[PDB]
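Report on the following structure.
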Amino acid sequence: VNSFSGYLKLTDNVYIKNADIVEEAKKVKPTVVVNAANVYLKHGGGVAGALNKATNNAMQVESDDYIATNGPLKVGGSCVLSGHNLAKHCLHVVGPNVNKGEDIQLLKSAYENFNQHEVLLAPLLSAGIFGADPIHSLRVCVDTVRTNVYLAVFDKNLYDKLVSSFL
Ligand SMILES: CC[C@@H](CNc1ncnc2nc[nH]c12)NC(=O)CCc1ccccc1
């Protein structure tokens, strides 16, 4: 038994809620919050910009040091950094950005990173500002992640559509 509340069960291991991931993080303080990152860990908008603002830019400062040492992530890749005031850890995961021509098949690789963590609070990768089909992202999540994932979907209208269309 964990501290996530009001989630709808989709599968054995996938749960979903209409919520802002930042507000869920602040309330739950989960072991792992997933950031919808880009390869440069430049946190400007969506999940990344919202989480970073909630850390008072500490996430960006830490990320800039990570990139200066290690160089960019791969599309489909990830790194574990601090969760600051929001979680123990933040798993920065790079889904493909359709608005940049990246291969949607890399979305499965992106979700595979979740399997290294027993429980995660996460957003829908590659959807929203990243330009890919959200029904598809949820399907890839369900078919790829085997650990326990609590999905926070910000847009009410999209949350209703994801639930109603779920197979
Ligand atoms: C489905 C991907 C998520 C990712 N972004 C976030 N997910 C969770 N919490 C967040 N807090 C700040 N951004 C958040 N985008 C949204 O839900 C809203 C954008 C949108 C509007 C209309 C149709 C589809 C998508």
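Labels used: A, B, ... for chains in the order of the structure tokens, numbers from 1 for residues in each chain, and numbers from 1 for ligands as shown.
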Set the distance at 8 Å and use only C-alpha atoms: which residues neighbour residue 135 in chain A once local chain neighbours fewer than 4 positions away are removed? I'd like the list as a PyMOL selection string.
chain A and resi 139+162+165-166
Requested write-out: N, CA, C and O atoms of the selected residues, as a PDB file, in the first residue's frame:
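Final file, out.pdb:
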```pdb
ATOM      1  N   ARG A 139      -1.043   3.492 -24.896  1.00  0.00           N
ATOM      2  CA  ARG A 139      -0.955   2.094 -25.303  1.00  0.00           C
ATOM      3  C   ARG A 139       0.476   1.575 -25.182  1.00  0.00           C
ATOM      4  O   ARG A 139       0.707   0.474 -24.674  1.00  0.00           O
ATOM      5  N   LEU A 162      -8.860   9.504 -22.995  1.00  0.00           N
ATOM      6  CA  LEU A 162      -7.976   8.360 -22.813  1.00  0.00           C
ATOM      7  C   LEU A 162      -8.694   7.215 -22.109  1.00  0.00           C
ATOM      8  O   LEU A 162      -8.529   6.044 -22.469  1.00  0.00           O
ATOM      9  N   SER A 165     -11.577   5.589 -24.400  1.00  0.00           N
ATOM     10  CA  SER A 165     -11.083   4.869 -25.566  1.00  0.00           C
ATOM     11  C   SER A 165     -10.153   3.723 -25.190  1.00  0.00           C
ATOM     12  O   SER A 165      -9.635   3.046 -26.083  1.00  0.00           O
ATOM     13  N   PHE A 166      -9.931   3.488 -23.897  1.00  0.00           N
ATOM     14  CA  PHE A 166      -8.920   2.523 -23.482  1.00  0.00           C
ATOM     15  C   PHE A 166      -9.395   1.110 -23.754  1.00  0.00           C
ATOM     16  O   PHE A 166     -10.566   0.784 -23.540  1.00  0.00           O
TER      17      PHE A 166
END
```
Counting only C-alpha atoms and all ligand atoms, what residues are within 6 Å of ligand 1, given as a compact mmCIF listing (two decimals) with C-alpha atoms, in the first residue's frame?
```txt
# COMPACT_ATOMS: atom_id res chain seq x y z
CA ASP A 20 -0.99 18.25 -12.70
CA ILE A 21 2.13 16.08 -12.13
CA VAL A 22 3.69 18.91 -10.05
CA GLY A 46 5.06 21.33 -20.22
CA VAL A 47 6.12 18.80 -17.58
CA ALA A 50 6.45 23.17 -14.65
CA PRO A 123 3.32 11.97 -17.41
CA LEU A 124 2.36 10.76 -20.87
CA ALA A 127 2.27 13.68 -26.14
CA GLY A 128 1.16 17.28 -25.53
CA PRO A 134 -1.72 10.53 -26.77
CA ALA A 152 -0.92 12.17 -14.18
CA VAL A 153 -2.71 13.73 -17.22
CA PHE A 154 -3.07 17.53 -16.97
CA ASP A 155 -5.78 18.12 -19.57
CA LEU A 158 -7.79 14.40 -22.78
```
Got a sec: who's within 8 Å of residue 60 in chain A, counting only C-alpha atoms, leaving out chain neighbours fewer than 2 positions off, as a ChimeraX atom specification?
/A:41-43,52,57-58,62-64
Those same residues - N, CA and C atoms - I'd like them written as a short mmCIF file (atom, residue, chain, number, x, y, z; two decimals), in the first residue's frame.
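The resulting file, selection.cif, is reproduced below:
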```
data_model
loop_
_atom_site.label_atom_id
_atom_site.label_comp_id
_atom_site.auth_asym_id
_atom_site.auth_seq_id
_atom_site.Cartn_x
_atom_site.Cartn_y
_atom_site.Cartn_z
N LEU A 41 18.34 18.59 -21.58
CA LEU A 41 17.79 18.89 -20.26
C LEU A 41 17.51 20.38 -20.08
N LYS A 42 16.97 20.99 -21.16
CA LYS A 42 16.52 22.39 -21.14
C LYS A 42 15.03 22.38 -20.78
N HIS A 43 14.69 22.78 -19.55
CA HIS A 43 13.33 22.66 -19.01
C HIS A 43 12.52 23.93 -19.23
N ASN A 52 10.42 22.24 -13.13
CA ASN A 52 11.58 23.08 -12.83
C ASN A 52 11.17 24.34 -12.07
N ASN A 57 14.08 26.60 -10.02
CA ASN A 57 15.18 26.49 -11.00
C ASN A 57 16.33 25.60 -10.52
N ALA A 58 16.22 24.95 -9.36
CA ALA A 58 17.29 24.06 -8.94
C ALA A 58 17.43 22.87 -9.87
N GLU A 62 21.07 21.87 -11.67
CA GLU A 62 21.63 20.53 -11.58
C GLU A 62 21.77 19.91 -12.96
N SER A 63 20.77 20.12 -13.82
CA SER A 63 20.78 19.57 -15.17
C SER A 63 21.92 20.16 -16.00
N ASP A 64 22.18 21.46 -15.87
CA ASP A 64 23.26 22.08 -16.64
C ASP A 64 24.61 21.48 -16.26
#
```
Give me, as a tab-separated table, the closest atom pair and its distance (Å, one decimal) for every residue of range 8-45 of chain A within a cut-off of 10 Å of range 96-104 of chain A, counting only C-alpha atoms, rows sorted by chain and rising number.
```
residue	atom	partner	partner_atom	distance
A:37	CA	A:96	CA	9.8
A:38	CA	A:97	CA	8.3
A:39	CA	A:96	CA	9.8
```
Picked from chain A by DSSP as strand (DSSP E), as JSON, numbers by chain
{"A": [8, 9, 14, 15, 16, 17, 18, 32, 33, 34, 35, 36, 78, 79, 80, 81, 82, 89, 90, 91, 92, 93, 119, 120, 121, 122, 148, 149, 150, 151, 152, 153]}
Using N, CA and C atoms, can you write the selected residues to a file as a JSON list (two decimals), in the first residue's frame?
```json
[["chain", "number", "residue", "atom", "x", "y", "z"],
["A", 8, "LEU", "N", -7.54, 5.84, -11.23],
["A", 8, "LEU", "CA", -8.30, 4.78, -11.88],
["A", 8, "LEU", "C", -7.33, 3.70, -12.35],
["A", 9, "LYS", "N", -7.68, 2.43, -12.08],
["A", 9, "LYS", "CA", -6.84, 1.30, -12.47],
["A", 9, "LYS", "C", -7.08, 0.97, -13.93],
["A", 14, "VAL", "N", -0.74, -0.24, -14.19],
["A", 14, "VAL", "CA", -0.87, 1.12, -14.69],
["A", 14, "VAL", "C", -2.14, 1.75, -14.14],
["A", 15, "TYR", "N", -1.98, 2.96, -13.60],
["A", 15, "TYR", "CA", -3.04, 3.76, -12.99],
["A", 15, "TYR", "C", -3.02, 5.15, -13.62],
["A", 16, "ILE", "N", -4.17, 5.84, -13.63],
["A", 16, "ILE", "CA", -4.27, 7.14, -14.31],
["A", 16, "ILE", "C", -5.17, 8.08, -13.51],
["A", 17, "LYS", "N", -4.87, 9.38, -13.60],
["A", 17, "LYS", "CA", -5.63, 10.42, -12.92],
["A", 17, "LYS", "C", -5.55, 11.71, -13.73],
["A", 18, "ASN", "N", -6.61, 12.53, -13.65],
["A", 18, "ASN", "CA", -6.60, 13.87, -14.25],
["A", 18, "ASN", "C", -5.98, 14.79, -13.21],
["A", 32, "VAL", "N", 10.10, 8.44, -7.10],
["A", 32, "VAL", "CA", 10.51, 8.82, -8.45],
["A", 32, "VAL", "C", 9.38, 9.60, -9.11],
["A", 33, "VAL", "N", 9.70, 10.80, -9.58],
["A", 33, "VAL", "CA", 8.87, 11.53, -10.53],
["A", 33, "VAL", "C", 9.59, 11.53, -11.86],
["A", 34, "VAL", "N", 8.85, 11.27, -12.93],
["A", 34, "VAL", "CA", 9.40, 11.29, -14.28],
["A", 34, "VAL", "C", 9.21, 12.67, -14.89],
["A", 35, "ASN", "N", 10.30, 13.19, -15.45],
["A", 35, "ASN", "CA", 10.26, 14.39, -16.24],
["A", 35, "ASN", "C", 10.24, 14.03, -17.70],
["A", 36, "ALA", "N", 9.40, 14.72, -18.48],
["A", 36, "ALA", "CA", 9.38, 14.64, -19.95],
["A", 36, "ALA", "C", 10.44, 15.57, -20.52],
["A", 78, "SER", "N", 17.59, 8.19, -20.70],
["A", 78, "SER", "CA", 17.20, 8.78, -19.43],
["A", 78, "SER", "C", 18.42, 8.99, -18.54],
["A", 79, "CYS", "N", 18.22, 9.80, -17.50],
["A", 79, "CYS", "CA", 19.18, 9.87, -16.40],
["A", 79, "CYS", "C", 18.41, 10.11, -15.10],
["A", 80, "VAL", "N", 19.00, 9.67, -13.99],
["A", 80, "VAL", "CA", 18.44, 9.88, -12.66],
["A", 80, "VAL", "C", 19.16, 11.05, -12.02],
["A", 81, "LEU", "N", 18.40, 12.07, -11.63],
["A", 81, "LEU", "CA", 18.92, 13.21, -10.90],
["A", 81, "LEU", "C", 18.07, 13.41, -9.65],
["A", 82, "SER", "N", 18.38, 14.46, -8.90],
["A", 82, "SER", "CA", 17.62, 14.73, -7.69],
["A", 82, "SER", "C", 16.16, 15.06, -8.00],
["A", 89, "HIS", "N", 13.87, 11.29, -6.24],
["A", 89, "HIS", "CA", 14.61, 11.28, -7.49],
["A", 89, "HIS", "C", 13.71, 11.77, -8.61],
["A", 90, "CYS", "N", 14.34, 12.39, -9.61],
["A", 90, "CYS", "CA", 13.68, 12.66, -10.88],
["A", 90, "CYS", "C", 14.34, 11.82, -11.96],
["A", 91, "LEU", "N", 13.54, 11.00, -12.63],
["A", 91, "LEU", "CA", 13.98, 10.26, -13.80],
["A", 91, "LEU", "C", 13.65, 11.12, -15.02],
["A", 92, "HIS", "N", 14.67, 11.71, -15.63],
["A", 92, "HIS", "CA", 14.51, 12.51, -16.84],
["A", 92, "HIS", "C", 14.51, 11.56, -18.02],
["A", 93, "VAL", "N", 13.39, 11.45, -18.73],
["A", 93, "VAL", "CA", 13.24, 10.52, -19.85],
["A", 93, "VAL", "C", 12.95, 11.31, -21.10],
["A", 119, "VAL", "N", 8.23, 1.89, -8.60],
["A", 119, "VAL", "CA", 7.04, 2.73, -8.59],
["A", 119, "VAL", "C", 7.42, 4.11, -9.09],
["A", 120, "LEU", "N", 6.59, 4.68, -9.98],
["A", 120, "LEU", "CA", 6.86, 6.00, -10.55],
["A", 120, "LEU", "C", 5.58, 6.80, -10.66],
["A", 121, "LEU", "N", 5.71, 8.12, -10.47],
["A", 121, "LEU", "CA", 4.71, 9.11, -10.84],
["A", 121, "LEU", "C", 5.19, 9.69, -12.17],
["A", 122, "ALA", "N", 4.36, 9.61, -13.21],
["A", 122, "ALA", "CA", 4.82, 9.96, -14.54],
["A", 122, "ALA", "C", 3.77, 10.68, -15.40],
["A", 148, "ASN", "N", 5.14, -0.36, -11.42],
["A", 148, "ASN", "CA", 3.90, 0.32, -11.09],
["A", 148, "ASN", "C", 4.00, 1.79, -11.44],
["A", 149, "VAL", "N", 3.14, 2.23, -12.35],
["A", 149, "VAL", "CA", 3.20, 3.59, -12.88],
["A", 149, "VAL", "C", 1.87, 4.29, -12.64],
["A", 150, "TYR", "N", 1.97, 5.47, -12.05],
["A", 150, "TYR", "CA", 0.85, 6.36, -11.75],
["A", 150, "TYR", "C", 0.95, 7.53, -12.71],
["A", 151, "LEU", "N", 0.06, 7.57, -13.69],
["A", 151, "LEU", "CA", 0.08, 8.56, -14.76],
["A", 151, "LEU", "C", -0.80, 9.74, -14.38],
["A", 152, "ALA", "N", -0.22, 10.93, -14.43],
["A", 152, "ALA", "CA", -0.92, 12.17, -14.18],
["A", 152, "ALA", "C", -1.11, 12.86, -15.49],
["A", 153, "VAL", "N", -2.37, 13.07, -15.94],
["A", 153, "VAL", "CA", -2.71, 13.73, -17.22],
["A", 153, "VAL", "C", -3.32, 15.08, -16.89]]
```
Shell around residue 54 in chain A at 10 Å using only C-alpha atoms, local window under 6 positions removed, as a compact mmCIF listing (two decimals) with N, CA and C atoms, in the first residue's frame:
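Written output follows (part34.txt):
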```txt
# COMPACT_ATOMS: atom_id res chain seq x y z
N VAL A 22 3.02 18.13 -11.11
CA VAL A 22 3.69 18.91 -10.05
C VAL A 22 2.87 18.89 -8.76
N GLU A 23 1.55 19.06 -8.87
CA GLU A 23 0.70 19.02 -7.68
C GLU A 23 0.66 17.63 -7.07
N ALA A 25 3.16 15.54 -7.20
CA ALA A 25 4.48 15.32 -6.63
C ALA A 25 4.61 15.98 -5.25
N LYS A 26 4.12 17.25 -5.20
CA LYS A 26 4.14 18.03 -3.96
C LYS A 26 3.33 17.37 -2.86
N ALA A 48 8.40 19.51 -18.00
CA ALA A 48 9.74 19.96 -17.61
C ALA A 48 9.74 21.39 -17.09
N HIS A 84 14.69 17.03 -5.83
CA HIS A 84 14.60 18.34 -5.18
C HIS A 84 13.48 18.28 -4.14
N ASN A 85 12.57 19.25 -4.14
CA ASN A 85 11.47 19.35 -3.19
C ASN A 85 10.24 18.57 -3.62
N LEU A 86 10.31 17.87 -4.75
CA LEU A 86 9.16 17.18 -5.33
C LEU A 86 9.15 15.66 -5.17
```
Between A:12, A:107, A:30, A:95, which is the closest to residue 129 in chain A once you count only C-alpha atoms?
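Smallest distance to residue 129 in chain A is found for A:95.
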Run DSSP on the backbone of this structure and report the residues of range 15-162 of chain A it assigns to alpha helix (DSSP H), as a ChimeraX atom specification.
/A:21-28,46-54,58-70,106-112,134-144,156-162
Give me, please, the distance in Å between CA of residue 118 in chain A and CA of residue 75 in chain A, quoted to one decimal.
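Separating CA of residue 118 in chain A from CA of residue 75 in chain A is a distance of 22.6 Å.
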In Å to one decimal, how far is CA of residue 40 in chain A from CA of residue 66 in chain A?
9.6 Å
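Taking CA of residue 125 in chain A and CA of residue 65 in chain A as the two end points, the separation is 24.1 Å.
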For a quick check of understanding, using only C-alpha atoms, which of A:160, A:24, A:112, A:133 has the smallest distance to residue 146 in chain A?
A:112
